[PDB]
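Take a look at the structure below.
Derivation of every value follows stated rules applied to the coordinates shown; laboratory data play no part. Please note: Cβ atoms are built from the backbone with ideal geometry, for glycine as well, and neighbour counts cover all protein chains shown.
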4 protein chains.
Amino acid sequence: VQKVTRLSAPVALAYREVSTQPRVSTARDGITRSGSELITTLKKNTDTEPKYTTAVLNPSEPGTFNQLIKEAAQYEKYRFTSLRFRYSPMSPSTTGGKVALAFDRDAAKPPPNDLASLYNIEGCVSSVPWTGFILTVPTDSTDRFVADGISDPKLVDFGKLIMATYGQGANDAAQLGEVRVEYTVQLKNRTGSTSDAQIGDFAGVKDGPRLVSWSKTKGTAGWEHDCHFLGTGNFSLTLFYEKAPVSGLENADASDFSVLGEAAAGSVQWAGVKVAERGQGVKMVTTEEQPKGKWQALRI
Amino acid sequence: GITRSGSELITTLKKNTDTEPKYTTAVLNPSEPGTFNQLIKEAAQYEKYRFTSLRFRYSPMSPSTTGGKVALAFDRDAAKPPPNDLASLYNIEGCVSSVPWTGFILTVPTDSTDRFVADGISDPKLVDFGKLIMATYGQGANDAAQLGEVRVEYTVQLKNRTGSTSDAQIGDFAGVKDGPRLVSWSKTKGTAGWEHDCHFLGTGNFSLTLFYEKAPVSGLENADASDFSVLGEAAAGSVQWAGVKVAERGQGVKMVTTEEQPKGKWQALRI
Amino acid sequence: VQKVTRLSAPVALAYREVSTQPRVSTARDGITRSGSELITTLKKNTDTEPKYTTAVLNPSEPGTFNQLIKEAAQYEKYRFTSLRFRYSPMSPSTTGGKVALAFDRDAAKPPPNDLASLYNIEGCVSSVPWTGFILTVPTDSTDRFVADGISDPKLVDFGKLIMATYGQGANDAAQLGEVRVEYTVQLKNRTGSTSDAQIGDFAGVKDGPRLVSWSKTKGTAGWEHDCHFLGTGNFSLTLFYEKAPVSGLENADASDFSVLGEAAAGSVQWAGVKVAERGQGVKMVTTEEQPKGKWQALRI
Amino acid sequence: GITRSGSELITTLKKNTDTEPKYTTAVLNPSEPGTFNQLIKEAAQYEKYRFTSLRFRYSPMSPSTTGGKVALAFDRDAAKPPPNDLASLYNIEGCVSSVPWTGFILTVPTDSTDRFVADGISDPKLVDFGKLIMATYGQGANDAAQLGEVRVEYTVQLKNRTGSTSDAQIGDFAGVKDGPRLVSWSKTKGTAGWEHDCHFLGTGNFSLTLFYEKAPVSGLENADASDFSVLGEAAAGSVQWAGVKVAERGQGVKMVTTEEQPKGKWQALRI
């Protein structure tokens, strides 16, 4: 018989969660799977404008799922049934500010610029960093292909999750909380098993799962190589057809290691990449134009 | 044989301030100085063992304003590298994690097989049971340097009596190892000398060395909380007697510089 | 219907306790008594190694009990039935660290040196300094003599309590908490009443209840005189048979007062001692050897 | 607690020509180096004990040409001199005897009382259980020097678990010492002669000593089967390391000739 009209504020709250057992079952068309995953942690921000982190929802996405990749390699089509996102805090009540989660149906779209247009997305949620909240995504009934090669994201992907936080104090906690996913997936058509590696060249051709991305921003060339995961096993090898000024430089990353030379006309390099944070790149190769060659990237 | 139940302390956790997580591993075999402290004396007179109960407990000692998370997990393959990212860590079955101002209990199921208790060259898939991983990733700058403690509750069975194994470690500079695994010897450059990696925690580690010829310098302290050498080294025949107190694993407390392959003898004893 | 899966941390906790009535009853063999006592308070420690306080459990112990001494003077044998120890805090949740309580069956044994061997004692308890906990000691059925004169502690005593605390911060509370005892005692054989004073000499002879202790650590002699209680009534008088260099000095104590001289061959001194903390001594007498004389110590 | 069963060897017997017997004694306590060699490690972690079985055996190793008698007895008072006549030896209950080429078994009944383990100084009537007496009197002139061996079969239980005791012995030339009772030190007269006696049988005895001042002589073997010293002696602060092999009781190396009450430090370790 506590007082309803009066509320109290504690120093901190503790949430306890243990490991859950995934469920796999068979049916007439294919298999159904139920499980849970962890995405990432959140950091503080001392400005008055938000900073965004994004995640694309596809079954063949190494940056989002970890154990669904092995069972998604035997099939071609998918359909989601249930999708929930959960936030878990790690900070006391002295921390002030807000955190926000939103979901959009267009995968190929930049994040919004200001705070006013962020609140115009349907179904957005926001809270204080010392409490938990749940976002539930409704689903439709449409079968889509799995992501391989290069295609329009409007044809194969389901949507994208956006996470943001803007306003904290000068002396505050370094990390805020973590985000988990509960999913239910259906699979349709069996096929032979496929390889897990990314092979491509510099003329916009990709023939594998989405692991890395390339950008030009050409001032005396200079090619950027952005990674999308944290799997710490990234091995990259590159073949040169003509003379290159420099290759295999460390732009901004935790560690770098290269073996062979690059000053030959026909030469193969080999590098190992350690990644600690999302979007960090460990390659910067300058040329005089867009060159001819072949690159291969592999996890573990 | 005999049956014994008990509770022992392993180690204390420390504050982690950088972006990447930190992992510590522990191998569960009765002949391990880095895991047990009293079972190693009764395990030196037997050949086989079996576990019937196993549990792990975390006990906090940090204030309520300390933010972060600690994690514990157990796996079956004793010969495996530790994971890189957190998502592969949370995919291990039975993993637990909590805020550092509260406690939690990890329970491990057991089977009924008999394995050899020994230290040597043999396969870890044949003689070991599993491995424990403890992970700490996110803390701040204005937080306490100590978080908590980990303890083990167990029940074990031993089978066949045999002759007793010696408790001190005897060796020399050209690599020959026998006895309990208490310390490791490493070298980087022949001119620079050797590093003395004490891979266990304790007090009153007694080390004595013999020099068969002249040495440039000996007895240098690097990362010891306390150091005391009472016997000097001079010319052809001399001995040394050093007492080292060690706080954390792999400090590398003793440094001696000589030529490439000197002759001598070293004895290491715990307490 | 509170949330089981979520816990809260308050600023402070308050425990309230009032005085309890002891129970005395008679039987065929003797009398039985039930009551409660207070031992001492605990202080902070900024090191990483524990500091210990000990208490010997005997009915004729002035340092442990206060009102059982008067009823234990009429009897010779005893047997315990119930023994419990309780801790009560006085500090908020900002204080970090641990406190520990343990019990051992050997009265004549030094405390352990490190933290690892402290946890090997059966039935030890430990907690944070802003909560309470209870230690219960099981008992056996063996009659023992009361403590008078000089005897082996293995023959007359029951056991010893050890209290410790090791790790606190630089800016913290000065005092941590307090310890109370609940007991049940049986008494057996009636006898005439005995005196309450301690009379002895320097050749290892004691003829009374344990109030003080003597130690030599002979460098140009120098006799230490340690007190075991806080009863503030300690009067000590000493007779000299030969010439003494100095007598009746204040080593480390709150107050000291001496009346007569000591530079005579046959002389009697008289001192009053104020004690604020356990183990503080207020006497330091240098000689050339172990001397011949007589000392008497009395409370109040 | 725990319950153990074991079998250990005490000593071997020698011949005696004169018809008056020669007596050897053994005090039965779990914390006794002169009777047990493996039980002391388990006894160092507990406080109370009870025996439930106790037997003794004799195993001959002499030919049938050798004639005479050997005799065994047990008494329940640990502080008592041995008898000076044979009829008082035969008045003890359970006395057994035979010719030295045949064996026999002695069985001792037990009682259910709890006793403390033995510290350095205490009363023998409070902590001990009894004492074993072995006697030989009659042998021929042309006979073998060795007669037989005595073994113990036991069953014991331990109750109260406590902290552990360090296995090495640390001491100095004054009258203070600590640890288990491995060796004993004494002095004889104003001219410095120091006697060093070992109370156990074993080849693993390692002794290291420190000299604060100059010593005229050190490390001279007196009655050992083998003696080995590796470090020299100097007038300044210097250590000396020695390895001792012990065959019989009271056999040791003893050479200190510096002062009546010198300054130094010694460490004794077994195995």
Looking for something away from every other protein chain (no Cβ under 14 Å) and crowded, with 17+ Cβ neighbours inside 10 Å - is there at least one such residue anywhere in the stretch B:100-115?
no
Considering each residue of the stretch D:247-271, count those that are touching a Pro at 6+ places or on another chain (Cβ under 9 Å) and either surrounded by fewer than 19 Cβ atoms within 10 Å (Cβ to Cβ) or away from chain B (no Cβ under 12 Å) (or both), and give that number.
3
Just a yes or no: is a residue in the stretch C:68-76 loosely packed, with under 14 Cβ neighbours inside 10 Å and farther than 23 Å from C:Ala297 by Cβ?
no
Pairs, please: C-beta under 8 Å, at least 6 apart or cross-chain, first residue more than 9 Å from chain C (Cβ to nearest Cβ) and in the stretch A:5-16, second part of a loop (DSSP other than H, G, I, E, B)?
A:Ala9/A:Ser93
Here are some residues: A:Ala276, A:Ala263, A:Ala297. Which one is assigned to a loop (DSSP other than H, G, I, E, B) and touching a residue at least 24 places away in the same chain (Cβ under 8 Å)?
A:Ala276
Residues in the stretch C:110-135 that are β-branched (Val, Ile, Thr), surrounded by 13 or more Cβ atoms within 10 Å (Cβ to Cβ) and more than 14 Å from chain D (Cβ to nearest Cβ): how many?
3
Taking the condition of being of a type in the set (A, V, I, L, M, F, W, C) and part of a loop (DSSP other than H, G, I, E, B), how many residues in the stretch A:22-35 meet it?
1
Got at least one residue in the stretch D:34-46 being over 30 Å from D:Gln139 (Cα atoms), in contact (Cβ under 8 Å) with a residue 12 or more places away in the chain and touching a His at 6+ places or on another chain (Cβ under 9 Å)?
no
Taking into account only those residues within the stretch D:202-246 that are aromatic (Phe, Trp, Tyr) and in contact with a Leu (Cβ under 7 Å, 6 or more places away or on another chain), which is nearest to the other protein chains (Cβ to nearest Cβ)?
D:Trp241
Residues (buried (at least 17 other Cβ atoms within 10 Å of the Cβ) and either closer than 30 Å to A:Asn171 by Cα or of a type in the set (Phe, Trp, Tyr) (or both)) located in the stretch A:16-39:
A:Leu38, A:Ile39
Identify the residue in the stretch D:85-136 that is without any contact (Cβ under 8 Å) to a residue 60 or more places away in the chain and aromatic (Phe, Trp, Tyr) and, among all such residues, is farthest from D:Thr12 (Cα to Cα).
D:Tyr90
Considering every residue within the stretch D:163-183, establish whether at least one is of a type in the set (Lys, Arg), touching an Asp or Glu at 6+ places or on another chain (Cβ under 7 Å), surrounded by 15 or more Cβ atoms within 10 Å (Cβ to Cβ) and touching a residue at least 24 places away in the same chain (Cβ under 8 Å).
no
Looking at (1) in contact with a strand residue (DSSP E or B) (Cβ under 9 Å, 6 or more places away or on another chain); (2) within 14 Å of chain C (Cβ to nearest Cβ); (3) free of Cβ contacts under 8 Å to residues at least 40 places away in the same chain, which is the only condition A:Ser25 fails?
(2)
In the stretch B:218-265, the residues that are under 24 Å from the mean Cα position of the chain (by Cα) and either closer than 17 Å to D:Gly232 by Cα or free of Cβ contacts under 8 Å to residues at least 12 places away in the same chain (or both)
B:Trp241, B:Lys265
Log entry, pairs with first residue in the stretch A:145-161 being in contact (Cβ under 8 Å) with a residue 12 or more places away in the chain, second being small (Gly, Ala, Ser), beta carbons closer than 6 Å, six or more apart or on different chains, reads A:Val146/A:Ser60; A:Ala147/A:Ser60; A:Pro153/A:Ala107; A:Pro153/A:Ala108; A:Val156/A:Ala147; A:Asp157/A:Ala107; A:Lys160/A:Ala107; A:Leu161/A:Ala55
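So that you can scan it fast, the table gives a plain yes or no per residue for (1) within 23 Å of A:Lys274 (Cβ to Cβ); (2) among the basic types (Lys, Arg); (3) touching a helix residue (DSSP H, G or I) at 6+ places or on another chain (Cβ under 7 Å):
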{"residue": "B:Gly67", "(1), (2), (3)": "no, no, no"}
{"residue": "B:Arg76", "(1), (2), (3)": "no, yes, no"}
{"residue": "B:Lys80", "(1), (2), (3)": "yes, yes, no"}
{"residue": "B:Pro83", "(1), (2), (3)": "yes, no, yes"}
{"residue": "B:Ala87", "(1), (2), (3)": "yes, no, no"}
{"residue": "B:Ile92", "(1), (2), (3)": "yes, no, no"}
{"residue": "B:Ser97", "(1), (2), (3)": "no, no, no"}
{"residue": "B:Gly103", "(1), (2), (3)": "no, no, no"}
{"residue": "B:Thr107", "(1), (2), (3)": "no, no, no"}
Just the residues that are within 14 Å of another protein chain (Cβ to nearest Cβ) and either surrounded by 15 or more Cβ atoms within 10 Å (Cβ to Cβ) or among the β-branched types (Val, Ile, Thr) (or both), please, taken from the stretch D:7-37.
D:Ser31, D:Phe36, D:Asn37
State whether the residues of the stretch D:60-82 include one that is farther than 30 Å from B:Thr3 by Cα, of a type in the set (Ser, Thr, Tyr), crowded, with 16+ Cβ neighbours inside 10 Å and more than 14 Å from chain B (Cβ to nearest Cβ).
yes
How about the stretch D:116-129: which of its residues are more than 12 Å from chain C (Cβ to nearest Cβ) and surrounded by 17 or more Cβ atoms within 10 Å (Cβ to Cβ)?
D:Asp128, D:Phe129
Restricting the stretch C:137-175 to residues that are more than 14 Å from every other protein chain (Cβ to nearest Cβ) and within 19 Å of the chain's Cα centre (by Cα), the residue that is farthest from C:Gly208 (Cα to Cα)
C:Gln175
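The rows are residues; the columns are (1) of a type in the set (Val, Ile, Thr); (2) closer than 27 Å to D:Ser97 by Cα.
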| position | (1), (2) |
| --- | --- |
| D:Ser5 | no, yes |
| D:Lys15 | no, yes |
| D:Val27 | yes, yes |
| D:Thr35 | yes, yes |
| D:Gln38 | no, no |
| D:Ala44 | no, no |
| D:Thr52 | yes, yes |
| D:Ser59 | no, yes |
With respect to A:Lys206, is the statement that it is under 19 Å from the mean Cα position of the chain (by Cα), touching a residue at least 24 places away in the same chain (Cβ under 8 Å) and closer than 27 Å to A:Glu289 by Cβ true?
yes
When you scan the stretch D:170-187, how many residues do you find that are part of a loop (DSSP other than H, G, I, E, B) and more than 11 Å from chain B (Cβ to nearest Cβ)?
8
When both residues are 6+ apart or on different chains and their Cβ atoms are under 7 Å apart, which pairs have a first residue that lies in the stretch B:206-217 and is surrounded by 18 or more Cβ atoms within 10 Å (Cβ to Cβ), and a second that is not in a strand (DSSP E or B)?
B:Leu208/B:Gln240; B:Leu208/B:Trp241; B:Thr209/B:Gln240; B:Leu210/D:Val230; B:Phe211/B:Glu233; B:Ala215/B:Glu233; B:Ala215/B:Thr258
With the checklist (1) among the charged types (D, E, K, R); (2) within 14 Å of chain D (Cβ to nearest Cβ); (3) not in a loop (DSSP other than H, G, I, E, B) in hand, flag the one item B:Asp167 doesn't pass.
(3)
